[PDB]
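Asker: Sequence first, structure after; it's an experimental one.
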Amino acid sequence: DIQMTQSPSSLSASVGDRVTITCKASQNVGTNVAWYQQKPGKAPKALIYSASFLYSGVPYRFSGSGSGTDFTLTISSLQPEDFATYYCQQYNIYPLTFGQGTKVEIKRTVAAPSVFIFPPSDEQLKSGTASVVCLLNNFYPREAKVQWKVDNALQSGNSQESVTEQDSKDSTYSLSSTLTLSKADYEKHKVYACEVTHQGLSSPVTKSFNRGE
Amino acid sequence: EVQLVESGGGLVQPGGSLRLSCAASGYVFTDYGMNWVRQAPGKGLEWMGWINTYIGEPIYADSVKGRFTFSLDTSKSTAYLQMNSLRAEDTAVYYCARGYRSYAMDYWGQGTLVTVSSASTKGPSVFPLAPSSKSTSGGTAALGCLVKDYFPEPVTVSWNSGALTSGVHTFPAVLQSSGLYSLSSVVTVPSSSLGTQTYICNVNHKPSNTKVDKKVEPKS
């Protein structure tokens, strides 16, 4: 088969930057190369065919170049909605083969998270389990640390985090940390605290509640 | 406009089969062939083959030849992919994508998730993430729904039957040590709206035929 190799695997660039990603074919494929844009949870969208021609509807800031084995895709002026994984593909010969994709992230100014904590509902407590949720909303960069304490005992191994994909409009992230305990354990303790560390915060922000208040 | 709608995916046991359908509209079905492409979670795109829609002649990637087959119902403008003797490694999002033989694929279906597992389907419990009583007067408040303990993916979540979209974050599900998924969907709103505006998260877990509307309000 023909292998398609893309570089870099990921890149970060600011709005308005000119950005170029590359695709190398293991054999001559003429100009029989297409590029696709895939946004989170969506189907790939066709951008370019025969290495350099735009599908109709595709914004003019997208372009492609190359022939033989070396191909490029360029975004002349990166926009927040261009956050996506970009794939090259050859159709010189079957089987059709794709590169592993290049993940393009938007670089923006630092934005501190807004933090919220949610106690377990009484409904859930009836089922024998308590989930405590800490929300970090609309922050940048993605790196954040969340620390759980229950009556000043550090909680390790009983929380899971999930992060949203970068927002297509403001280029921020949001993050949930969910602490799970038994009902019995939940009711043995008073102070539930979520401590957040992030570049946009001069010192860690703690949100907390006392059970029953 | 050109539309490709996939169905027939979802949960299937190892050793089992599914038959995916790709229903086309907005163009003359037999004027273009159809490709099938899959994408395992977190991985790249893998072309599985192409079918000639005018006479029904399929071409397969060597990796799936024999075990997967393509067929048509032109009267329904529909292409099918029957996938057999499945294994965990076949768990992926499956796409149909319109196109000529040996050429680019200019329109893709939305994709359907196939989960190969011997575990049973399980619908989610939906719990409120109640807005804080300490929410800032004249400020912004957060609330949400915890959608817990379901299998397999996916679930959809909307707010107020789709009327509320601004400020919504529905988090990627996480697999719990129980083998069940869980996620939260949250939204930020004006603090002043709490107790006046109704906030309902609409949850639909198709594999278990579980639809739940959960109202989220301040706790008393």
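Answerer: Great, that's in hand. Residues are numbered from 1 along each chain as shown, chains lettered A, B, ... in the order given.
Asker: Just the helices from chain A, written as ranges.
Answerer: For chain A, helices defined by DSSP state H occupy the ranges A:122-126, A:183-186.
Asker: So which bits of the longest one are buried?
Answerer: Taking 16 or more other C-beta atoms under 10 Å in any protein chain shown as the basis for neighbour counts, the residues of helix A:122-126 that come out buried are A:124-125. (Each C-beta comes from the backbone N, C-alpha and C, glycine too.)
Asker: Give me the contact list for it.
Answerer: A:130-131, A:183, A:186, B:125, B:127-128, B:146, B:148 (C-beta atoms under 8 Å, 6 or more residues apart in numbering or on different chains).
Asker: Out of those residues, which comes closest to residue B:181?
Answerer: Within the contacts of helix A:122-126, the smallest distance to residue B:181 is 8.4 Å, found for residue B:148 (C-beta to C-beta).
Asker: That closest one and chain A: what is the separation?
Answerer: 7 Å (C-beta to the nearest C-beta, to the nearest Å).
Asker: Kindly report the same for residue B:96.
Answerer: 10 Å.
Asker: what's around that residue, how many residues?
Answerer: Neighbourhood size, residue B:96 [other C-beta atoms under 10 Å in any protein chain shown]: 31.
Asker: what about stretch B:152-165, distance to the chain center?
Answerer: Relative to its chain's centre, stretch B:152-165 lies at 12 Å (C-alpha atoms, centre = their mean, to the nearest Å).
Asker: gap between the two ends of it?
Answerer: Terminal residues of stretch B:152-165 are spaced 25 Å apart (C-alpha to C-alpha, to the nearest Å).
Asker: hmm, it touching chain A?
Answerer: No. For a cut-off given as C-beta under 8 Å from any C-beta of the partner chain, stretch B:152-165 has no contacts with chain A; the smallest distance is 8.9 Å.
Asker: Residues in contact with that stretch: which ones?
Answerer: B:10-11, B:113, B:115, B:117, B:119, B:121, B:124, B:145, B:147, B:168, B:170, B:173, B:181, B:183, B:185, B:187, B:198-207.
Asker: Can you flag the buried ones in those?
Answerer: When the contacts of stretch B:152-165 are checked for burial by 16+ other C-beta under 10 Å, the buried set is B:10-11, B:113, B:115, B:117, B:121, B:124, B:145, B:147, B:170, B:173, B:181, B:183, B:185, B:187, B:199-205, B:207.
Asker: which one is residue B:131 nearest to, not counting chain neighbours?
Answerer: Excluding the flanking residues, the one nearest residue B:131 by C-beta to C-beta, 6 or more residues apart in numbering or on different chains is residue B:143, at 4.1 Å.
Asker: give the contact list for the one you found.
Answerer: With contact taken as C-beta under 8 Å, 6+ apart, residue B:143 is in contact with B:128-131, B:186-187, B:189, B:194, B:199, B:216.
Asker: Which parts of chain B belong to which domain?
Answerer: Using curated CATH domains, the domain ranges for chain B come out as B:1-118, B:119-220.
Asker: Output those domains as JSON lines; include the columns distance to residue A:179.
Answerer: Below are the domains of chain B laid out as JSON lines (distance: least, C-beta to C-beta, whole Å):
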{"stretch": "domain B:1-118", "distance to residue A:179": "25"}
{"stretch": "domain B:119-220", "distance to residue A:179": "12"}
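Asker: Of all these, which one is nearest residue A:33?
Answerer: Residue A:33 lies closest, by C-beta to C-beta, to one member of the domains of chain B: domain B:1-118, at 8.5 Å.
Asker: Since that was my last question, I'll sign off now.
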